[PDB]
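Take a look at the structure below.
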Ligand SMILES: [Zn+2]
Ligand SMILES: [Zn+2]
Ligand SMILES: [Zn+2]
Ligand SMILES: [Zn+2]
């Protein structure tokens, strides 16, 4: 081979972004969640401050002067008590005013939220396939 | 006694325009009392005057509706295929992408939607005082 | 006359208030187009002769040219005490800008 | 949009409209298919009973001035009601 | 009106669209069309009825909103690049200078309207060297 | 009601009748003629089965021309059931139409630009295309034809050298047929449109049937802090 012979000095572990997998995908060498959800808001993706906090706190008291609220980037949506049921994340909400509201946190919803955080089946849904089938 | 008196294309158009809902009038009863209706119904479809739901076993007219829109056929298949090929981005990001291209987006990101004493002194008057809280 | 009108049109597209003296306006006019000062002074006289000779009994269409001719003979005759103001907002409170060009006489002792 | 809307009368859904051009003004309810039609002159109404805004129901009743005649309609949207 | 007649790129769907013209024929065209057509080299104008070859390097931005005035001014600039005199050139003879200006105007008029294209251009060439 | 509603509906009608099949016109016109419409009521109006209505709804939901709203209903006679309603969110549909129109026009523009470029040679045996730059390094000693690296077979010049004019006609055809969409969008941008919701859409309801099982009312739960994705609008 004409390429220079070198010795591996570092090994940078990481993750594959969706773009890299598609781009990378074509002697031969061969050719080719719960913790975070409780820390960020499930509607805006901003850090609540975190598990104990169950509200986005759109307005927070000013540090310099008490009894003087300062507006912070938020949506004031009460956070769910996220629990891991099987392989899905089920969020339970505590209504202010009596069972808690329960719904399945779809991976699409979590993917959207994680993308808002501030380097390293097709046939069925295409036609018909009621929500139960999907 | 025909269910719907129709023996002319003009009569069919006015009857369909008078419907208060979108319940299409069946062709089974329309064909009754009308010697020919498919010939007129097909002619109107070519003129884009009405909408016809046709059977799949063989092309046969069924429940029809008034065409309140424009021409039924205006875009060539060469463009229909391209329209189907285009895949929309995620809704939360579509408005941002439209703004990047200089097109005013008629929507907003849902993430931006900001959807956010006991001791009584006198008791001998108990049961007498009405609560005139407001005026 | 035609290209003088066009130059006045392309000066109405400014995005900020412009205040210039007649000499500066003439210099830029002679740069973009090739209109000199002397012909610009005789614009009013020449137009009057042309109109009188053209049998224009109905002069509804040519009324607008009077304003252009008046502008031409004014900015080329005087240079001191006169200023040219171009604004993109004649009325600041408007959805769409309405450019206007003002030729103002500052010295009341000239007339 | 303050003279017409959807309403439910006697379990039958229909369109409720108020006619004011013809004197006296009257309230008319027409079924979707037109089989059932009922119009009441407003001059006979004594009181206008409306359910409180704190209740999930959107019902509205008109009581006739004197077994007084009662015409009760249920709406679908509070804004229209 | 506001779209490239060739590719019909509306300004609404392309706010970055910028049109350009060529002195040879003065036909409006968007920058995208210019690159995809003339980047390789000279080619005939992409218009129906126009067969005059042109180069990408000669394209410019239209100054005036009137095409005819755009053409007349360019011809005037070309003519004044050769026929350029002043009052001092005739030693204050206003009659001669006015006559000279009138001749230049006629030359510009003929070139713009093509009354006598062959003879007029030869006069420009003859005086250009002299 | 308002001029804004009429123009928006016309744009939706034009897009469906041109860029979609026939049954799609029936489905969307039914939910445009009416307000939020239950799935059962929609089936009765068009006299089509679930297997036929499903494909239409799914394709229209993908393009965001129709929105879905699921809520629980409590009828005294029968046990609680879940009802599905379909309506139109004008801001979503209009944004989708604008994006698709731009993408379709851009794709044709890109294809026209690509076509004007020199063609890239292709190998017949292995059907592996090669660009001009890539083929230049495949020259043989005699320098007669490009030889495929894998097959070692002469390369054949690719087509599309004659299509330089066809694509221009296609773009011309589209812009002429798509003119109404652009004209309608310009007026929409001038004005400002409010975002619709299941409750808001109910303000213009024309009941399809007399005794529809679906109770067309919005009774949100009391003090329910739960929020679903895309459940509210500005
Ligand atoms: Zn938040
Ligand atoms: Zn172009
Ligand atoms: Zn040309
Ligand atoms: Zn090969």
* Among the candidates F:122, F:175, which residue alone is closer than 28 Å to residue F:62 by Cβ and away from ligand 1 (no atom under 16 Å from the Cβ)? -> F:175
* To do: Check segment A:75-89 and report whether any residue there is in a loop (DSSP other than H, G, I, E, B), surrounded by 12 or more Cβ atoms within 10 Å (Cβ to Cβ) and under 15 Å from the mean Cα position of the chain (by Cα).
  => yes
* To do: Working only within segment E:30-41, note down all residues that are under 19 Å from residue E:16 (Cα atoms) and either within 16 Å of ligand 1 (Cβ to nearest atom) or part of a loop (DSSP other than H, G, I, E, B) (or both).
  => none
* Kindly indicate which of A:118, A:62, A:71 is farther than 29 Å from residue F:58 by Cα, within 14 Å of chain B (Cβ to nearest Cβ) and touching a strand residue (DSSP E or B) at 6+ places or on another chain (Cβ under 7 Å). => A:71
* To do: Give segment F:132-155 a look and list any residue that's away from chain E (no Cβ under 14 Å) and either within 16 Å of ligand 2 (Cβ to nearest atom) or loosely packed, with under 13 Cβ neighbours inside 10 Å (or both), or say none.
  => F:133, F:136, F:137, F:139, F:140, F:141, F:142, F:143, F:144, F:150, F:152
* Asked: Does residue B:80 satisfy being farther than 26 Å from residue F:232 by Cβ and more than 8 Å from chain F (Cβ to nearest Cβ)?
  -> no
* **Every residue from segment A:52-72 that is part of a loop (DSSP other than H, G, I, E, B) and surrounded by fewer than 13 Cβ atoms within 10 Å (Cβ to Cβ)** => A:52, A:62, A:63, A:64, A:65, A:66, A:67, A:68, A:72
* Residue check, residue B:65 against (1) surrounded by fewer than 19 Cβ atoms within 10 Å (Cβ to Cβ); (2) over 13 Å from residue F:178 (Cα atoms), all met but one. Which one? -> (1)
* To do: Tell me which residues, restricted to segment B:102-113, are more than 7 Å from every other protein chain (Cβ to nearest Cβ) and not in a helix (DSSP H, G or I).
  => B:109
* To do: State all residues of segment B:67-101 that are more than 20 Å from residue F:11 (Cβ to Cβ) and in a loop (DSSP other than H, G, I, E, B); if no residue qualifies, say none.
  => B:87, B:89, B:90, B:92, B:93
* Has segment F:162-174 got any residue that is farther than 30 Å from residue F:70 by Cβ, under 17 Å from the mean Cα position of the chain (by Cα), surrounded by fewer than 17 Cβ atoms within 10 Å (Cβ to Cβ) and within 16 Å of ligand 2 (Cβ to nearest atom)? -> no
* Structure fact -> Taking segment E:42-69 and the residues there that are within 11 Å of another protein chain (Cβ to nearest Cβ), outside any strand (DSSP E or B) and within 16 Å of ligand 2 (Cβ to nearest atom), the one that is surrounded by the most Cβ atoms within 10 Å (Cβ to Cβ) would be E:46
* Pick out the one residue from D:24, D:52 that is within 16 Å of residue D:74 (Cα to Cα) and surrounded by fewer than 14 Cβ atoms within 10 Å (Cβ to Cβ). => D:52
* Please indicate, with yes or no, whether at least one residue in segment E:35-44 is under 30 Å from residue F:185 (Cα atoms) and touching a helix residue (DSSP H, G or I) at 6+ places or on another chain (Cβ under 6 Å). => yes
* Members of segment D:31-53 found to be assigned to a strand (DSSP E or B) and more than 8 Å from every other protein chain (Cβ to nearest Cβ), listed by number -> D:37, D:38, D:39, D:40, D:41, D:45, D:46, D:47, D:48, D:49, D:50
* Structure fact -> Scanning segment F:47-94 residue by residue, those under 21 Å from the mean Cα position of the chain (by Cα), more than 7 Å from every other protein chain (Cβ to nearest Cβ) and in a helix (DSSP H, G or I) turn out to be F:52, F:53, F:56, F:57, F:59, F:60, F:61, F:62, F:90, F:93
* Structure fact -> Flagged in segment F:199-234 as surrounded by fewer than 19 Cβ atoms within 10 Å (Cβ to Cβ), away from chain A (no Cβ under 14 Å) and in contact with a strand residue (DSSP E or B) (Cβ under 6 Å, 6 or more places away or on another chain), in numbering order, are F:210, F:215
* Taking segment F:28-39 as the search range and keeping residues that are part of a helix (DSSP H, G or I) and in contact with a strand residue (DSSP E or B) (Cβ under 8 Å, 6 or more places away or on another chain), which one is nearest to residue F:52 (Cα to Cα)? -> F:39
* Asked: If you go through segment E:5-29, how many residues are within 28 Å of residue F:185 (Cβ to Cβ), in a loop (DSSP other than H, G, I, E, B) and within 13 Å of ligand 3 (Cβ to nearest atom)?
  -> 3
* To do: Tell me which of these residue A:55 doesn't satisfy, since it passes every other one: (1) under 22 Å from residue B:111 (Cα atoms); (2) more than 14 Å from chain B (Cβ to nearest Cβ).
  => (2)
* Asked: If you take the residues in segment E:70-91 that are within 14 Å of chain C (Cβ to nearest Cβ) and assigned to a loop (DSSP other than H, G, I, E, B), which one is farthest from ligand 3 (Cβ to nearest atom)?
  -> E:86
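Computed from the coordinates by the stated procedures, all read-outs in this text should not be read as laboratory data. Don't worry about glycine lacking a Cβ; one is built from the backbone with ideal geometry, like all the others, and counts go over all protein chains shown.
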